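A.B. asks: Supplied in structure tokens, the structure appears directly below.
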Amino acid sequence: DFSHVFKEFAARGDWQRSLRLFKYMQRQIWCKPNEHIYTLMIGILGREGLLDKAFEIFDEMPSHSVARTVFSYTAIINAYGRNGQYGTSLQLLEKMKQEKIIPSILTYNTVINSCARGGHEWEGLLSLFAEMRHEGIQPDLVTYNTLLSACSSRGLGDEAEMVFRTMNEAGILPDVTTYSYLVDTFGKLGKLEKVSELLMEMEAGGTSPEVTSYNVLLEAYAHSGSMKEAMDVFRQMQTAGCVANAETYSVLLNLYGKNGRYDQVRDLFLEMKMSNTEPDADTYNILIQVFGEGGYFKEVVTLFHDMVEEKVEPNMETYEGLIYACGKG
């Protein structure tokens with residue numbers, strides 16, 4: 001019941017009441033706090049940024065005859081990493097190793113994440129992974145997603161290629177998360193064909209590729225000047241079949257504005273429109289801008305009749321262009 005109350009207080013952020021209850025139970029013989037209550041209090045203190053109080057509570061454990069477990073070490077490592085203290089996490093890992101405490105897969109993953117977020121060299125992450133492998137750590141799906149990122153965090157071109165291939169070459173791939181992060185890394189270096197691959201890898205895996213996923217790659221794909229590739233990616237996203245908010249179309253259309261087929265614009269509109277994905281305040285503004293640059297001002301007026309009927313409300317930029325249209329008209 002004490003642990004349940006502590007968890008409920010940590011869910012609401014009542015660190016003060018939890019600390020008071022812990023300090024009161026510490027003086028009670030019938031309610032002596034155990035290692036679980038100490039870990040819960042340390043986590044509650046770390047969630048609020050009370051590193052000093054958490055450290056004091058962790059140090060008072062031996063005076064209270066409370067057992068210490070890798071759990072507390074992993075919690076301290078995660079608390080240090082959340083503030084960018086990668087060196088402190090490495091020192092805590094070394095101290096735990098000196099204390100004959102066998103590190104777990106979660107502790108190694110937390111240390112790798114802390115090193116990645118703190119700006120440590122990719123060589124350090126590779127050495128940490130090699131050490132974890134030499135001490136027989138166990139792979140996990142969540143760890144694998146964060147591991148695909150490890151190379152991405154480094155940002156090296158070779159690392160970016162390895163980040164993506166880590167899943168493909170060994171033959172084990174997370175359906176969505178690994179593909180997204182690897183695609184992100186592939187992009188800065190330049191996913192030359194890695195872009196087609198990233199969607200293909202996620203899609204035929206046995207899980208249909210995510211729409212948001214299709215879009216994130218797609219948006220950069222536009223930055224890439226990928227147009228036929230992105231169009232193909234759009235027909236490909238169309239192949240994906242994942243339900244998509246008109247926002248995914250919106251982004252691509254905006255690039256297509258420079259393309260200005262102007263009937264390409266027309267066609268896409270009908271389909272997203274009748275697909276229960278009414279154009280967004282954003283999409284309407286984009287459409288007005290795209291049409292306006294290439295004329296069709298009468299059409300611009302028409303969009304006003306249309307927006308009103310839809311009942312989606314206008315916005316500052318929205319009203320604005322509509323007036324420019326009138327003016328040029």
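Labeling convention for the structure tokens: chains A, B, ... as they appear, residues from 1 per chain, ligands from 1 in order of appearance.
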Write out as an MDAnalysis selection string which residues come within 12 Å of residue 164 of chain A when counting only C-alpha atoms, dropping same-chain ones fewer than 6 positions away.

C.D. replies: chainID A and resid 144:145 147:152 157:158 170:174 177:187 189 191 193:195 197:199 201:202

A.B. asks: Apply DSSP to the backbone of this structure and, from segment 47-296 of chain A, keep only the residues in helix (DSSP H, G or I); write these as number ranges by chain.

C.D. replies: A: 47, 51-59, 70-82, 86-98, 105-117, 122-134, 141-154, 157-170, 177-189, 194-203, 211-223, 228-240, 246-259, 264-273, 281-293

A.B. asks: Determine, counting only C-alpha atoms, which protein, DNA and RNA residues have an atom within 8 Å of an atom of residue 246 of chain A; residues of the same chain fewer than 6 positions away are not included. Present the result as a PyMOL selection string.

C.D. replies: chain A and resi 272+277-280+283

A.B. asks: What is the distance, in Å and to one decimal place, between atom CA of residue 109 of chain A and atom CA of residue 141 of chain A?

C.D. replies: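 Separation between atom CA of residue 109 of chain A and atom CA of residue 141 of chain A: 11.4 Å.
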
A.B. asks: Taking 5 positions as the minimum chain separation for residues in the same chain, which residues sit within 9 Å of residue 315 of chain A when counting only C-alpha atoms? Answer as a list in words.

C.D. replies: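 Once the nearby chain positions are removed, what remains is residues 281, 282, 285 and 320 of chain A.
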
A.B. asks: Please save N, CA, C and O atoms of the selected residues as a compact mmCIF listing (two decimals), in the first residue's frame.

C.D. replies:
# COMPACT_ATOMS: atom_id res chain seq x y z
N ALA A 281 -6.55 24.64 -42.23
CA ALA A 281 -6.33 26.04 -42.28
C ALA A 281 -5.01 26.21 -42.99
O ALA A 281 -4.83 27.15 -43.76
N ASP A 282 -4.08 25.30 -42.74
CA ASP A 282 -2.77 25.36 -43.39
C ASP A 282 -2.89 25.05 -44.87
O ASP A 282 -2.35 25.77 -45.70
N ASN A 285 -4.53 27.83 -46.90
CA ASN A 285 -3.61 28.94 -47.12
C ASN A 285 -2.60 28.59 -48.20
O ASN A 285 -2.30 29.40 -49.07
N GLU A 320 -5.73 37.07 -45.36
CA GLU A 320 -4.88 37.97 -46.08
C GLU A 320 -4.64 37.75 -47.52
O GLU A 320 -4.69 38.68 -48.31

A.B. asks: So how far away is atom CA of residue 53 of chain A from atom CA of residue 4 of chain A, in Å?

C.D. replies: 21.0 Å

A.B. asks: For the atom pair atom CA of residue 312 of chain A and atom CA of residue 271 of chain A, what is the interatomic distance in Å to one decimal place?

C.D. replies: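 Pair atom CA of residue 312 of chain A / atom CA of residue 271 of chain A returns 18.1 Å.
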
A.B. asks: Go through A:106, A:253, A:176, A:268 and flag the residue nearest residue 227 of chain A, using only C-alpha atoms for the distances.

C.D. replies: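 Residue with the minimum atom-to-atom distance to residue 227 of chain A: A:253.
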
A.B. asks: Using only C-alpha atoms, can you tell me which of A:252, A:126, A:240, A:220 comes closest to residue 204 of chain A?

C.D. replies: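 Among the listed residues, the smallest separation from residue 204 of chain A belongs to A:240.
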
A.B. asks: For residue 255 of chain A, which residue out of A:211, A:111, A:290, A:105 is the nearest one, using only C-alpha atoms?

C.D. replies: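 The shortest atom-to-atom distance to residue 255 of chain A comes from A:290.
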
A.B. asks: For segment 55-72 of chain A, work out the shell of residues within 7 Å, counting only C-alpha atoms and skipping chain neighbours fewer than 2 positions away, then give it as a VMD selection string.

C.D. replies: chain A and resid 34 to 35 39 42 51 to 53 74 to 76 101 103

A.B. asks: Find the residues around residue 297 of chain A up to 9 Å (only C-alpha atoms counted), leave out those fewer than 3 positions away in its own chain, and share them as number ranges by chain.

C.D. replies: A: 291-292, 294, 300-302, 325-326, 328-329

A.B. asks: Could you please take those selected residues and save N, CA and C atoms as a short mmCIF file (atom, residue, chain, number, x, y, z; two decimals), in the first residue's frame?

C.D. replies:
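Saved file selection-v4.cif follows:
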data_model
loop_
_atom_site.label_atom_id
_atom_site.label_comp_id
_atom_site.auth_asym_id
_atom_site.auth_seq_id
_atom_site.Cartn_x
_atom_site.Cartn_y
_atom_site.Cartn_z
N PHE A 291 -2.34 28.79 -55.98
CA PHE A 291 -3.16 29.28 -57.07
C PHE A 291 -2.84 30.72 -57.39
N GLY A 292 -2.68 31.56 -56.37
CA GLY A 292 -2.49 32.98 -56.59
C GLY A 292 -1.27 33.37 -57.39
N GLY A 294 0.09 31.72 -59.71
CA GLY A 294 -0.19 31.44 -61.10
C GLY A 294 -1.53 31.93 -61.61
N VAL A 300 -9.78 32.02 -56.67
CA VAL A 300 -9.47 32.34 -55.32
C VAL A 300 -10.70 32.79 -54.58
N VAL A 301 -11.55 33.55 -55.23
CA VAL A 301 -12.81 33.93 -54.63
C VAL A 301 -13.65 32.73 -54.37
N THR A 302 -13.62 31.80 -55.29
CA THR A 302 -14.43 30.65 -55.15
C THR A 302 -14.03 29.96 -53.90
N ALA A 325 -5.67 38.47 -53.46
CA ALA A 325 -6.17 37.91 -54.67
C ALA A 325 -7.12 38.88 -55.25
N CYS A 326 -7.95 39.45 -54.40
CA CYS A 326 -8.95 40.38 -54.88
C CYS A 326 -8.26 41.52 -55.50
N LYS A 328 -5.19 41.95 -56.89
CA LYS A 328 -4.62 41.68 -58.20
C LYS A 328 -5.78 41.49 -59.16
N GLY A 329 -6.82 40.80 -58.71
CA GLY A 329 -8.00 40.62 -59.53
C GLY A 329 -8.67 41.94 -59.84
#

A.B. asks: For residue 304 of chain A, work out the shell of residues within 9 Å, counting only C-alpha atoms and skipping chain neighbours fewer than 5 positions away, then give it as an MDAnalysis selection string.

C.D. replies: chainID A and resid 299 309 322

A.B. asks: Using only C-alpha atoms, which of A:134, A:266, A:298, A:188 sits nearest residue 156 of chain A?

C.D. replies: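 Of the candidates, the smallest distance to residue 156 of chain A is held by A:188.
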